[PDB]
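Q: Here it is, the structure, as structure tokens.
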Amino acid sequence: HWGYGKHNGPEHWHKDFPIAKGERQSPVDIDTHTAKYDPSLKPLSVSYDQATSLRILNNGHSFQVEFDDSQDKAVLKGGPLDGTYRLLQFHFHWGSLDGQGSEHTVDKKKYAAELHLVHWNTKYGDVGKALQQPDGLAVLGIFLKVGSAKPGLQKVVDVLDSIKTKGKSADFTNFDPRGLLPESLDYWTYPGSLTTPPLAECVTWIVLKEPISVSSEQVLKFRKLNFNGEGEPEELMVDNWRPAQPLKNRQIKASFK
Ligand SMILES: NS(=O)(=O)c1c(F)c(F)c(S(=O)(=O)CCO)c(NC2CCCCCCC2)c1F
Ligand SMILES: [Zn+2]
């Protein structure tokens, strides 16, 4: 099955998931000088005041923090979006080394990691239907650089040993994802895809300009995760990122001058 190894990684995915070679794949390099400022782009609206986090799960690829998305509790609107997008889960991508790990790149710069908050469009009723639509999902992407700790990230870091292996989960209530967000909501946006199988071309990407800083100790905890389940040799969950894909016939827009 697919993964992030040389034997199962991104260069192989197209065999099971042929849209891997499609017209609107993600991630992409963001050329900041080419991206056009779009004065018609609205402030984004991140309303996470009622988020009910519920559970954290090591899914074997990343780990994911889950929210009750059975009502409008944690929603993304505005920006490039039409309508209301409910927060489903977050997860991260990161490297073995601080010089890699992000999926998007900015002028070819890789960040140490990238946080993705996955939301689905309420006019489609559930995430599986949303996956079938060009405007089904909105993923908010945030770069991580290594420097000072992110205090809001600390609750998340302190449970990973409890979900060390694939398929392990833990309760994870009362987490405020607001603590993962930079001062600024200035962003780039473009139409793209999931960055893991099934690679569905259903995502409006919103990538924030401002990274967050996390400490070396925080990102070291991510790198002690395992892709394996317990009993199988230990395989450090690192380098779980898809590289940049062809931009093709797309324009990346900036919300900021
Ligand atoms: N980067 S991304 O936002 O396109 C992405 C992932 F990289 C990712 F790892 C996941 S995951 O944590 O759930 C592991 C997926 O194998 C999702 N999650 C969504 C996409 C997967 C299809 C199911 C629809 C909702 C979850 C996912 F959306
Ligand atoms: Zn992701």
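So you can find residues: chains in the structure tokens are A, B, ... in the order shown, residues in each start at 1, and ligands are numbered from 1 in order.
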Can I get the residues close to ligand 2 as a ChimeraX atom specification, where close means within 12 Å and we count only C-alpha atoms and all ligand atoms?
A: /A:26-27,61-64,89-94,101-104,113-119,138-143,193-197,199,203,205,207,240-243
Q: Between A:95, A:198, A:229, A:78, which residue has the minimum interatomic distance to ligand 1, considering only C-alpha atoms and all ligand atoms?
A: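 Of A:95, A:198, A:229, A:78, the one nearest ligand 1 is A:198, counting only C-alpha atoms and all ligand atoms.
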Q: Choose the residue, out of A:24, A:129, A:36, A:6, that has the smallest atom-to-atom separation from residue 246 in chain A; count only C-alpha atoms.
A: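 Of A:24, A:129, A:36, A:6, the one nearest residue 246 in chain A is A:24, counting only C-alpha atoms.
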Q: List every residue of range 16-239 of chain A that DSSP, applied to the backbone of this structure, places in strand (DSSP E or B), and write the result as an NGL selection string.
A: :A and (29-30 or 36-37 or 44-47 or 53-58 or 63-67 or 75-78 or 85-94 or 105-106 or 109 or 113-121 or 137-146 or 169-171 or 187-192 or 203-208 or 212-214 or 226 or 230 or 232 or 236)
Q: Please provide as number ranges by chain all residues within 9 Å of range 146-152 of chain A, with the sequence filter that same-chain residues fewer than 2 positions apart are discarded (counting only C-alpha atoms).
A: A: 98, 111-113, 144, 154-156, 175-181, 212-219
Q: Give me a file of those residues, with N, CA, C and O atoms, as a CSV table (one decimal), in the first residue's frame.
A:
```csv
chain,number,residue,atom,x,y,z
A,98,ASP,N,15.6,19.7,9.7
A,98,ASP,CA,14.8,20.9,9.7
A,98,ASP,C,14.6,21.6,8.3
A,98,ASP,O,13.7,22.4,8.1
A,111,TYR,N,10.0,24.5,4.4
A,111,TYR,CA,10.0,24.7,5.8
A,111,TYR,C,10.1,23.3,6.6
A,111,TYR,O,10.0,22.2,5.9
A,112,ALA,N,10.3,23.3,7.9
A,112,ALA,CA,10.5,22.1,8.7
A,112,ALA,C,9.3,21.3,8.7
A,112,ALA,O,9.3,20.1,8.9
A,113,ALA,N,8.1,21.9,8.6
A,113,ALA,CA,6.9,21.2,8.7
A,113,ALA,C,5.7,22.0,8.1
A,113,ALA,O,5.9,23.2,7.9
A,144,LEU,N,5.7,25.7,9.5
A,144,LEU,CA,6.4,25.6,10.7
A,144,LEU,C,7.9,25.8,10.5
A,144,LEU,O,8.5,25.1,9.7
A,154,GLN,N,1.8,22.8,22.5
A,154,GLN,CA,2.4,21.9,23.5
A,154,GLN,C,1.5,20.8,23.9
A,154,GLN,O,1.9,19.6,24.1
A,155,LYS,N,0.2,21.1,24.1
A,155,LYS,CA,-0.8,20.0,24.4
A,155,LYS,C,-0.8,18.9,23.4
A,155,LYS,O,-1.0,17.7,23.8
A,156,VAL,N,-0.6,19.2,22.1
A,156,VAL,CA,-0.5,18.1,21.1
A,156,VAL,C,0.8,17.4,21.3
A,156,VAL,O,0.7,16.1,21.3
A,175,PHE,N,-9.1,21.1,23.1
A,175,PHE,CA,-8.0,21.7,22.4
A,175,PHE,C,-8.5,22.8,21.5
A,175,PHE,O,-9.4,22.7,20.7
A,176,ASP,N,-7.8,24.0,21.7
A,176,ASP,CA,-8.2,25.2,20.9
A,176,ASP,C,-7.2,25.4,19.8
A,176,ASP,O,-6.1,25.9,20.0
A,177,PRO,N,-7.6,25.1,18.6
A,177,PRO,CA,-6.7,25.1,17.4
A,177,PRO,C,-6.3,26.5,17.2
A,177,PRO,O,-5.3,26.8,16.5
A,178,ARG,N,-7.0,27.4,17.8
A,178,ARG,CA,-6.6,28.8,17.6
A,178,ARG,C,-5.2,29.0,18.1
A,178,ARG,O,-4.5,29.9,17.7
A,179,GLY,N,-4.7,28.1,19.0
A,179,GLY,CA,-3.3,28.3,19.5
A,179,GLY,C,-2.3,27.9,18.5
A,179,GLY,O,-1.1,28.0,18.9
A,180,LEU,N,-2.7,27.4,17.3
A,180,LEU,CA,-1.7,27.0,16.3
A,180,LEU,C,-1.6,28.1,15.2
A,180,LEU,O,-0.8,27.8,14.3
A,181,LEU,N,-2.3,29.2,15.3
A,181,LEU,CA,-2.4,30.3,14.2
A,181,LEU,C,-1.5,31.5,14.3
A,181,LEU,O,-1.3,32.1,15.4
A,212,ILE,N,4.5,29.7,11.7
A,212,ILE,CA,4.6,29.6,13.1
A,212,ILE,C,6.0,29.1,13.5
A,212,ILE,O,6.6,28.3,12.7
A,213,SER,N,6.5,29.5,14.7
A,213,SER,CA,7.7,28.8,15.2
A,213,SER,C,7.3,27.8,16.1
A,213,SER,O,6.4,27.9,17.0
A,214,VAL,N,8.1,26.7,16.0
A,214,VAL,CA,8.0,25.6,17.0
A,214,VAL,C,9.4,25.3,17.4
A,214,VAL,O,10.4,25.6,16.7
A,215,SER,N,9.6,24.7,18.6
A,215,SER,CA,10.9,24.4,19.1
A,215,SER,C,11.5,23.1,18.5
A,215,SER,O,10.8,22.2,18.1
A,216,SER,N,12.8,23.0,18.5
A,216,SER,CA,13.4,21.8,18.2
A,216,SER,C,12.9,20.6,19.0
A,216,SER,O,12.7,19.6,18.5
A,217,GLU,N,12.6,20.8,20.3
A,217,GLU,CA,12.1,19.7,21.1
A,217,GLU,C,10.7,19.3,20.7
A,217,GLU,O,10.4,18.1,20.7
A,218,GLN,N,9.9,20.3,20.2
A,218,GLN,CA,8.6,19.9,19.7
A,218,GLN,C,8.7,19.1,18.4
A,218,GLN,O,8.0,18.0,18.3
A,219,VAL,N,9.5,19.5,17.5
A,219,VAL,CA,9.5,18.8,16.2
A,219,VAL,C,10.3,17.4,16.4
A,219,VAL,O,10.0,16.4,15.7
```
Q: Which residue out of A:211, A:18, A:83, A:3 has the minimum interatomic distance to ligand 1 when only C-alpha atoms and all ligand atoms are used?
A: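 For ligand 1, the nearest of the candidates is A:3.
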Q: Which residue is closest to ligand 1? Choose from A:157, A:200, A:20, A:238 and count only C-alpha atoms and all ligand atoms.
A: A:200
Q: Within 6 Å of range 41-50 of chain A, counting only C-alpha atoms, which residues show up once you throw out same-chain ones fewer than 2 positions away? Write them as a PyMOL selection string, please.
A: chain A and resi 38-39+73-80+255
Q: Return the single residue from A:237, A:127, A:153, A:54 that is closest to ligand 1, with distances computed using only C-alpha atoms and all ligand atoms.
A: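 Smallest distance to ligand 1 is found for A:127.
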Q: Using DSSP secondary structure from the backbone, list all helix (DSSP H, G or I) positions within range 3-245 of chain A, as a PyMOL selection string.
A: chain A and resi 10-15+18-21+122-124+127-130+151-157+160-163+177-180+216-222
